[PDB]
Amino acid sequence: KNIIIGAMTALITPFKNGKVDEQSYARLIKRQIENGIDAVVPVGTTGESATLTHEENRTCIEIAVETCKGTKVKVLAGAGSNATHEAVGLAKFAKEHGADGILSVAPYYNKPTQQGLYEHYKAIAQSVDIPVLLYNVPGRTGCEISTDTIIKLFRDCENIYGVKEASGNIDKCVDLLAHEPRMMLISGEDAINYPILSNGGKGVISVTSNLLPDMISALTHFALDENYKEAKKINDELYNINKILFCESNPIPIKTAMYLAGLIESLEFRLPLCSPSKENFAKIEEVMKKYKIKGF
């Protein structure tokens, strides 16, 4: 299969006066490229896909594709939906507008059965000829793609190449790669990036890398070379910020940190997301002081 692996960033979506700040977005993507990131993920969970319109989802993908041209950096477009017809539409748009692949979250809220998840992803995969990465995040979606369903989809659909796991379940990571070692297991949980990579995972789709792209890139590339001492050292150093960036629901802490770092102009969300509490604002600020944050 064709694949998108390595160190990848779930891009935040900056707003100004309620609209997508398109210049800021392109600028933030350039900063990721310049700090060793292998791929960017526009409009995932961290990018507030829920509150963007379909048009804005499409715009953000286009900005990422245009910004990455002439570089090695890939665009793994956020194209998921809890409605299969919507997910197919977003997948097709991403393919026709030059994305290298798509990330497709398990349907949220309507809790499909494993049979329904299989048919959902089969319909998406049959609709494009670019790579598709599954994305399991049960704490947000209310459902879990089982190991059996992931393995069946990987084996049955030529362009489904692996899964982004955000489930805090290293037993499942062992189960996946022990029964199907050819898939690309991708960490979607920054605190346990190193354990996932050391069991044979082949990349990360990171929140922390919005702020510290050089550290996440270094961690991943050390691990892929089996330089596990160095990769573990960075993973350990990053633990405190990796956890504080979830002191409130992602992306509230990461946007707060990007604002505190001067990397975005305004600390704006779309409702129902909003600014953190004053106490957590202070906690985020305090933890940031322990890390060197690259500018532009």
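Numbering starts at 1 and follows the sequence shown.
Stretch comparison (3-11 versus 286-294) by mean CA B-factor in the PDB entry places 286-294 on top. For the segment pair 186-194 and 93-101, the entry gives 93-101 the higher mean B-factor, averaged over Cα atoms. As recorded in the PDB entry, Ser127 shows the highest C-alpha B-factor of the residues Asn210, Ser127, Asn136, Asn199.
Residues shown: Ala231, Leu260, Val43, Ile37. Highest C-alpha temperature factor in the entry: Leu260. In the deposited entry, the Cα temperature factor of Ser81 places it in the lowest third of its chain's modelled residues. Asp175 sits in the lowest third of its chain by CA B factor, as recorded in the PDB entry. Among all modelled residues in its chain, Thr149 ranks in the lowest third by Cα B-factor. Sort the modelled residues of the chain by CA B factor and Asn159 lands in the highest third.
Placement of the Cα temperature factor of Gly116 within the chain: middle third of the modelled residues, per the deposited record.
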